[PDB]
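We place every Cβ from the backbone using ideal geometry, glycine too, and count neighbours over all the protein chains shown. Where a number appears in this text, it was derived from the coordinates with a stated rule and is not lab data.
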Amino acid sequence: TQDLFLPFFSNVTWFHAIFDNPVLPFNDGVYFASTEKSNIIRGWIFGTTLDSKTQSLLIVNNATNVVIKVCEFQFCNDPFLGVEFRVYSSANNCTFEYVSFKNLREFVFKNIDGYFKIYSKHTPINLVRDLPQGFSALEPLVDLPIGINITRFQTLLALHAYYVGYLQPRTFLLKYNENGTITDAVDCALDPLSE
Amino acid sequence: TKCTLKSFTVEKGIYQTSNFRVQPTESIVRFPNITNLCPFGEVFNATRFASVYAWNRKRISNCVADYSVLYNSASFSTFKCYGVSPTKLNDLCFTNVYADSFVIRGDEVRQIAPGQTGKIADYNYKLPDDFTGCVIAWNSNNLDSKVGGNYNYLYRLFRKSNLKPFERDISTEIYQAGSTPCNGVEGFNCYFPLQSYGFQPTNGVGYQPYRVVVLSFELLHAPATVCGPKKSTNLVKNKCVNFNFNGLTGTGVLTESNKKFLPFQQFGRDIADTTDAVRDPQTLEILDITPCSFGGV
Amino acid sequence: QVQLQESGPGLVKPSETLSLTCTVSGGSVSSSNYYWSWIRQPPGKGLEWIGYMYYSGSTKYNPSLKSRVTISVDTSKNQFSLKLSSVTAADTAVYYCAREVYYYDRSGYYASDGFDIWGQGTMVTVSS
Amino acid sequence: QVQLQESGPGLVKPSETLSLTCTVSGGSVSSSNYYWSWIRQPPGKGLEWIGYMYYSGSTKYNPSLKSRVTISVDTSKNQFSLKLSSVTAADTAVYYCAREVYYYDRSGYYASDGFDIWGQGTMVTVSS
Amino acid sequence: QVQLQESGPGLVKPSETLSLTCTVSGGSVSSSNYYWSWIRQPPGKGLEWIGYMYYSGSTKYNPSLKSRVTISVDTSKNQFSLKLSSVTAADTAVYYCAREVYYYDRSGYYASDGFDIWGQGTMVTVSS
Amino acid sequence: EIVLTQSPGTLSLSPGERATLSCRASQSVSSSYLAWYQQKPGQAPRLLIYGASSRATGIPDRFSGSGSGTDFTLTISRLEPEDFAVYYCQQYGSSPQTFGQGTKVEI
Amino acid sequence: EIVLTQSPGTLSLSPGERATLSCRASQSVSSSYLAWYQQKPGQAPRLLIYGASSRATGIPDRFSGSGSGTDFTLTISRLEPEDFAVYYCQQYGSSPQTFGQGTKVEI
Ligand SMILES: *[C@@H]1O[C@H](CO)[C@@H](O[C@@H]2O[C@H](CO)[C@@H](O)[C@H](O)[C@H]2NC(C)=O)[C@H](O)[C@H]1NC(C)=O
């Protein structure tokens, strides 16, 4: 199939916070990989301008419930969670609202034709220095047809180690077993042997 | 055989005269369960409604609306829908639904109509010239009125100029009839904006509390979030039938399958890039589709 | 508040099409819900309906005068107009602009309360 | 009985296209046989032909004024019109609607007796 | 010789768009080279520029009044017009039509000597 | 077209006297879409009463619509000098829409 | 375009006197499509005579067309006060169609 996938054996930017909170582009979707110990990460904010001029998608995976609010919020300089709530200041217009290192969580966000697709999968890992070598087929968690444009995204951390990758349009060969799971994949444009 | 071979004499031969195709019948449509109904009941039967000066505003989203419940009953005194027919409203699937609720007096139920002059129509609550919505009202004298009069519901009577469509402005500062200002002290040519409704059982039908739910339906660029319910009457098997599963259609025999399938998937593809199995949306059972019987006679 | 202002020739010589324009105020003509119409009153006789306009500028006319009557709209000018061909002395009358609002019902009759707002009117006479 | 009624601006400022409409009476314009035309008379000078209309609304014009003249028809309105672009003071004249009937002959000249019926006429003057 | 004649309401009530038309004389508006403009003079204050017209009827406006100002042209009428929305008493002034000619140079500045010819002007006042 | 007859055409009742206009359609109108219009002399008509019975926006309660189907009736109470004008009945239930001859109430 | 000359331009003949208008086309018209038009002062012209010789519908027999080809002639008899108006000759045989200057008969 010819779908947007992360290229095999490609260098991904790694951010380590003891705090690092930069802005990253969302031109063609990103691949979020994060290792968690005691639920350090809390949520993700997706926005084109991020200055309350346009609608911004906000997702917060707090301990109480998985709330998702897509409205126009006045973003602060350093949004974080106090374990204190200093994520947003006020709201102007609300369109959509939905309420729902031994652990490796991989996420893929796609913003195509007004449909926001999130793929999630949790896999227990043992190595904590680098990314563990292995294969994992990410399953679609939930689809949100918000219909807005996303340009940049931000990561939120709670105050009392995540990898960011970029997808590219490539051709991928997927192997399906008898149960339907993807056991292995081969990148066509990576190596002559794989080609 | 004589017509195909174009000869009046045939001897000890096997010939394919034509092709036979079984025609499907009893076309059925299957859709998932009508779960997550919109809470229209909440706004219509709310213990306490709000006064028109600050009419309650509601947004309905990510749910299915059974508009039928509202229009099946004949209890409502006024059922007026502008631009959109109540019949087939379920089919008309809209991205955004807005519900506006306020208590007004009976003489003015008519005022809510679009482009109507009135003290409730222009000064207080104003629908637009383009109003794709419905106006629903019922008499509730025994529910809102109390002995000793009702001052609970209030409406602005004096405003400097009319308000634009869908605009509510809560101004309690003293009104300015003339040129000189009294600075918030009520007096001659200086009246408090809010005026008491004073609902009473012994009053005329006109001066009685009529709770009024106004529905609005809005279409924008954003995809549709408020669709209507779908018919999933029956499922037939072991016969050539034309089916429709989530937009995907097809003519084939529906049979059971014994192999295991993933929970998140809903469609099935064969090696020839053709549909092989179709998962039922509201039933956990898997329906293995097969092509209809066709061959050469 | 949606006042309608008639604008037409006071006296029209015969064999001349009669043109009358309603200068609407405050209503976009193409509102779908409103269905404006034309009514005339011959002196000493009951009101007679000429025709209404369906939304989007499409028009329907009284079958009796349908052959000689056309209704036009100028949303760009915020006014709508009536043209009557081959007018005679009998045809002429005080012409009145009017508004109608069509609301669907559970019963399903799109038709609804009408002739809520009338224009001031203009007495037109056709004679040699 | 097929009277033609001219309808045009009495005084036109220069650099303005001149529009004149003939309100026909009793003849379907698209009759094939009739070929209506435009004639003007400058004061103290002979009649000058501007152009006729071929059947189906196709039009032919005097080559001298062909560049600045267009003829239009409104069968829906039972009238036809003349538009003259870049009119000057000299161009303006009393404009006359006219009718012509073209009959084929054994000889084969489609052309035939013309200017049988003239409109009342309208004196148009173009000046600052 | 290219005189410009202002034509506008002498007194305008507030909340009314102000319409002023320059009756040009002897210049085709769409000349490419000319770039006509609007200037106003509040009493006891310096001249203020409102906006010019780019060739082909495209228009550019002073950014300060850009939100409330539109410039229109009527080449068919040999005149151009200025429409100002939501005028207040302060906005009103003696409005002046003007002409500009833009010539390219080896240096490359398309812009060039301007305000060569001014219209007579018209004193407009906006008040209750 | 449906024909509406108004009985009686002319009335001469003192102010404070009750009046009844019988507007009987030739073909019955179930929807009760008959609507009463009051035209003041030398003036544009106004909507007096709609939907069989209504009070328009400011129409006095004194006037009250009645009737249904084939026949309709309009009743006035506490007649006032301001209520001396021609009254009309119109059916919008079927098109073409028609009006009655008109009933004039006099002193 | 073909040019039609009318001789003489002006005439002063008593009523009851015979008149002749010589309309001579520059190029000969074989079809005799020259047609005479009478214009009354301050009035629309009418078809006076067509097809070289004709009586219009009700034009008096007194007027009678004549001539053919290069030249044409119009003859009047028993002149009446009602026949004092400008006369024109038009060729529809070739297009563009042209008219003559016009001849005015006076008392
Ligand atoms: C769709 O709705 C039905 C409820 O009507 C769910 O439950 C099924 O109900 C029918 C009849 O009541 C039983 O025969 C089935 O065995 C029920 N299914 C179960 C228990 O799994 C049904 O589950 C819903 N479908 C989905 C996909 O949620």
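Taking only segment D:87-128 into account, find how many residues are within 17 Å of G:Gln39 (Cα to Cα) and not small (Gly, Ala, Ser).
Narrowing segment D:87-128 to residues within 17 Å of G:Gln39 (Cα to Cα): D:93-99, D:114-123.
Narrowing further to those that are not small (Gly, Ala, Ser): D:94-97, D:99, D:115-118, D:120, D:122-123.
Within segment D:87-128, residues that are within 17 Å of G:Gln39 (Cα to Cα) and not small (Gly, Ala, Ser) number 12.
For (1) among the acidic types (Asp, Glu); (2) under 20 Å from D:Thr122 (Cα atoms), each residue gets a yes or a no:
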position	(1), (2)
D:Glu6	yes, yes
D:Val12	no, yes
D:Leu20	no, yes
D:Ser25	no, yes
D:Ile39	no, yes
D:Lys60	no, no
D:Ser64	no, no
D:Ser67	no, no
D:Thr75	no, no
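Return the only residue of D:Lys13, D:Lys45 being within 8 Å of another protein chain (Cβ to nearest Cβ), more than 15 Å from the chain's Cα centre (by Cα) and surrounded by fewer than 15 Cβ atoms within 10 Å (Cβ to Cβ).
Working: D:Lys13 fails: within 8 Å of another protein chain (Cβ to nearest Cβ).
So the residue among D:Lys13, D:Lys45 that is within 8 Å of another protein chain (Cβ to nearest Cβ), more than 15 Å from the chain's Cα centre (by Cα) and surrounded by fewer than 15 Cβ atoms within 10 Å (Cβ to Cβ) is D:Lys45.
Can you find even one residue in segment D:64-73 that is over 17 Å from G:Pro45 (Cβ atoms), under 12 Å from the mean Cα position of the chain (by Cα) and not hydrophobic (A, V, I, L, M, F, W, C)?
Initially, segment D:64-73 is screened for residues over 17 Å from G:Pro45 (Cβ atoms), giving D:64-73.
From what is left, the residues that are under 12 Å from the mean Cα position of the chain (by Cα) are D:69-73.
Checking the rest, the ones that are also not hydrophobic (A, V, I, L, M, F, W, C) come to D:70, D:72.
Yes, the conditions are met somewhere in segment D:64-73.
Being within 13 Å of another protein chain (Cβ to nearest Cβ) and β-branched (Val, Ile, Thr) is the filter; apply it to segment A:79-102 and report the residue that is surrounded by the most Cβ atoms within 10 Å (Cβ to Cβ). Reasoning before the result, please.
At the first step, the residues of segment A:79-102 found to be within 13 Å of another protein chain (Cβ to nearest Cβ) are A:91, A:93-100.
Next, only the ones that are β-branched (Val, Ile, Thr) stay: A:95, A:99.
Working: A:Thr95: 19, A:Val99: 10.
My answer is A:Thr95.
With the requirement that a residue be at the interface with another protein chain (Cβ under 7 Å from one of its Cβ atoms) and not small (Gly, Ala, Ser), what does segment C:82-96 give you?
Matches in segment C:82-96: C:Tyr96 only.
Checking C:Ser32 against (1) more than 11 Å from chain F (Cβ to nearest Cβ); (2) out of contact with any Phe, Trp or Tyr (no Cβ under 7 Å at 6 or more places or on another chain), which test does it fail?
(2)
For segment D:65-81, state whether one or more residues are loosely packed, with under 15 Cβ neighbours inside 10 Å and within 12 Å of chain G (Cβ to nearest Cβ).
yes
Assess whether B:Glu167 counts as being more than 14 Å from chain C (Cβ to nearest Cβ), out of contact with any helix residue (DSSP H, G or I) (no Cβ under 9 Å at 6 or more places or on another chain) and not aliphatic (A, V, I, L, M). Break it down into steps so the answer makes sense when it comes.
Numbers: more than 14 Å from chain C (Cβ to nearest Cβ): yes; out of contact with any helix residue (DSSP H, G or I) (no Cβ under 9 Å at 6 or more places or on another chain): yes; not aliphatic (A, V, I, L, M): yes.
Against the criterion (more than 14 Å from chain C (Cβ to nearest Cβ), out of contact with any helix residue (DSSP H, G or I) (no Cβ under 9 Å at 6 or more places or on another chain) and not aliphatic (A, V, I, L, M)), B:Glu167 qualifies.
Looking only at segment B:20-41, filter to residues that are surrounded by 14 or more Cβ atoms within 10 Å (Cβ to Cβ) and away from the ligand (no atom under 12 Å from the Cβ); which one of those is farthest from B:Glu285 (Cα to Cα)?
B:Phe40
Would you pick out the residues in segment E:11-35 that are under 12 Å from E:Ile71 (Cβ atoms) and out of contact with any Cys (no Cβ under 7 Å at 6 or more places or on another chain)?
Restricting attention to segment E:11-35, the residues satisfying the condition of being under 12 Å from E:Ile71 (Cβ atoms) are E:19-22, E:29, E:35.
Passing the criteria: E:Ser19, E:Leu20, E:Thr21, E:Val29, E:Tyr35.
For segment F:61-85, enumerate the residues that are within 13 Å of another protein chain (Cβ to nearest Cβ) and buried (at least 21 other Cβ atoms within 10 Å of the Cβ).
F:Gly65, the sole residue that qualifies.
Each row is one residue, and each column tells you yes or no for (1) touching an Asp or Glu at 6+ places or on another chain (Cβ under 7 Å); (2) under 30 Å from B:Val109 (Cα atoms).
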| site | (1), (2) |
| --- | --- |
| B:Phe192 | yes, yes |
| B:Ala222 | no, no |
| B:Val241 | yes, no |
| B:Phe261 | no, no |
| B:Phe267 | no, no |
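Among the strands (runs of 3 or more DSSP E) confined wholly to segment A:128-195, which include 2 or more residues that are among the hydroxyl-bearing types (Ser, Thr, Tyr)? So that I can check it myself, show each step before the final result.
Values: elements: A:139-144, A:152-159, A:162-166, A:168-176, A:182-187.
In segment A:128-195, the matching strands (runs of 3 or more DSSP E) lie at A:162-166, A:168-176.
Go through segment D:97-118 and give me each residue that's at the interface with another protein chain (Cβ under 9 Å from one of its Cβ atoms), of a type in the set (D, E, K, R) and part of a strand (DSSP E or B).
Listed by number, the residues that qualify are D:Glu100, D:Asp116.
So in segment B:251-263, with the set limited to residues that are away from chain A (no Cβ under 11 Å) and in a loop (DSSP other than H, G, I, E, B), which one is farthest from the chain's Cα centre (by Cα)?
Step one: filter segment B:251-263 for residues away from chain A (no Cβ under 11 Å), giving B:251-258.
Adding the requirement that they be in a loop (DSSP other than H, G, I, E, B) leaves B:257-258.
Working: B:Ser257: 37, B:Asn258: 40 Å.
Result: B:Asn258.
Could you tell me which numbered condition B:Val213 fails, if it satisfies all but one of (1) among the hydrophobic types (A, V, I, L, M, F, W, C); (2) within 14 Å of chain A (Cβ to nearest Cβ); (3) crowded, with 19+ Cβ neighbours inside 10 Å?
Among (1) among the hydrophobic types (A, V, I, L, M, F, W, C); (2) within 14 Å of chain A (Cβ to nearest Cβ); (3) crowded, with 19+ Cβ neighbours inside 10 Å, the lone unmet condition for B:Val213 is (2).
Is it true that B:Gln116 is assigned to a helix (DSSP H, G or I), more than 16 Å from the ligand (Cβ to nearest atom) and within 14 Å of another protein chain (Cβ to nearest Cβ)?
Numbers: assigned to a helix (DSSP H, G or I): no; more than 16 Å from the ligand (Cβ to nearest atom): yes; within 14 Å of another protein chain (Cβ to nearest Cβ): yes.
No; evaluated as a whole, the condition is false for this residue.
Filter segment B:264-297 for residues that are within 14 Å of chain A (Cβ to nearest Cβ), more than 16 Å from the ligand (Cβ to nearest atom) and part of a loop (DSSP other than H, G, I, E, B); which is farthest from B:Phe31 (Cα to Cα)?
Here the answer is B:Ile271.
In segment B:16-65, how many are of a type in the set (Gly, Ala, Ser), over 15 Å from the mean Cα position of the chain (by Cα) and within 18 Å of B:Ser101 (Cβ to Cβ)?
Of the residues in segment B:16-65, the ones of a type in the set (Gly, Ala, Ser) are B:18, B:27, B:41, B:46, B:50-51, B:54, B:61, B:65.
If we keep only those that are over 15 Å from the mean Cα position of the chain (by Cα) too, we end up with B:18, B:27, B:46, B:50-51, B:54.
Cutting the leftovers down to within 18 Å of B:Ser101 (Cβ to Cβ) gives us B:46, B:50-51, B:54.
The qualifying residues number 4.
Specify which of the listed residues (A:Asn11, A:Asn21, A:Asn39) is out of contact with any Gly (no Cβ under 6 Å at 6 or more places or on another chain), farther than 25 Å from A:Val83 by Cβ and surrounded by fewer than 18 Cβ atoms within 10 Å (Cβ to Cβ). Steps first, answer last, please.
Working: A:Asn21 fails: farther than 25 Å from A:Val83 by Cβ; A:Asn39 fails: farther than 25 Å from A:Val83 by Cβ.
Testing whether each residue is out of contact with any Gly (no Cβ under 6 Å at 6 or more places or on another chain), farther than 25 Å from A:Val83 by Cβ and surrounded by fewer than 18 Cβ atoms within 10 Å (Cβ to Cβ) leaves just A:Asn11.
Within chain F, considering only strands (runs of 3 or more DSSP E) that don't extend past its boundaries, which have at least 1 residues that are under 29 Å from C:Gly108 (Cα atoms)? Spell out the reasoning first.
Details: elements: F:4-7, F:10-12, F:19-29, F:34-39, F:45-49, F:64-76, F:86-91, F:103-106.
Ranges flagged: F:4-7, F:19-29, F:34-39, F:45-49, F:64-76, F:86-91.
Out of the residues in segment B:250-263 that are of a type outside the set (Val, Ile, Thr) and away from the ligand (no atom under 16 Å from the Cβ), which is surrounded by the most Cβ atoms within 10 Å (Cβ to Cβ)? If you could, list the steps in order and put the result at the bottom.
Pass one, segment B:250-263, residues of a type outside the set (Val, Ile, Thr): B:250, B:252, B:254, B:256-263.
Those still in the list that are away from the ligand (no atom under 16 Å from the Cβ) too: B:250, B:252, B:254, B:257-260.
Details: B:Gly250: 17, B:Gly252: 20, B:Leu254: 22, B:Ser257: 16, B:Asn258: 6, B:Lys259: 10, B:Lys260: 9.
This residue is B:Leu254.
Working only within segment D:100-116, note down all residues that are surrounded by fewer than 20 Cβ atoms within 10 Å (Cβ to Cβ) and in contact with a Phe, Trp or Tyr (Cβ under 7 Å, 6 or more places away or on another chain).
In the first step, residues of segment D:100-116 are kept if they are surrounded by fewer than 20 Cβ atoms within 10 Å (Cβ to Cβ); the result is D:101-113, D:116.
Matches in segment D:100-116: D:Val101, D:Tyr102, D:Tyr104, D:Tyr110, D:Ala111, D:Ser112, D:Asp113.
For residues that are within 29 Å of the chain's Cα centre (by Cα) and charged (D, E, K, R), scanning just segment B:226-250, find the one that is farthest from B:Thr95 (Cα to Cα).
Within segment B:226-250, the match that is farthest from B:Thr95 (Cα to Cα) is B:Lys231.
Can you find a residue that is assigned to a loop (DSSP other than H, G, I, E, B), within 16 Å of the ligand (Cβ to nearest atom) and out of contact with any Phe, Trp or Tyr (no Cβ under 8 Å at 6 or more places or on another chain) anywhere in segment B:235-245? Can you show your working first?
At the first step, the residues of segment B:235-245 found to be assigned to a loop (DSSP other than H, G, I, E, B) are B:235-239.
Retained after the next criterion (residues that are within 16 Å of the ligand (Cβ to nearest atom)): B:235, B:237.
After this cut, where a residue has to be out of contact with any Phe, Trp or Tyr (no Cβ under 8 Å at 6 or more places or on another chain) as well, the list is B:235, B:237.
There is at least one residue in segment B:235-245 that is assigned to a loop (DSSP other than H, G, I, E, B), within 16 Å of the ligand (Cβ to nearest atom) and out of contact with any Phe, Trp or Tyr (no Cβ under 8 Å at 6 or more places or on another chain).
Before we move on, is A:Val128 aliphatic (A, V, I, L, M) and within 14 Å of chain B (Cβ to nearest Cβ)? Steps first, please.
Working: aliphatic (A, V, I, L, M): yes; within 14 Å of chain B (Cβ to nearest Cβ): no.
In short, no.
Under 6 Å between Cβ atoms, which residue pairs at least 6 apart in sequence (or on different chains) link something in segment G:93-107 that is surrounded by 18 or more Cβ atoms within 10 Å (Cβ to Cβ) with a partner that is among the β-branched types (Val, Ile, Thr) and not in a strand (DSSP E or B)?
G:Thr98/G:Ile2
Out of the strands (runs of 3 or more DSSP E) lying entirely within segment B:1-103, which hold 3 or more residues that are within 14 Å of chain C (Cβ to nearest Cβ)?
Working: elements: B:19-21, B:28-30, B:56-60, B:78-82.
Those strands (runs of 3 or more DSSP E) span B:78-82.
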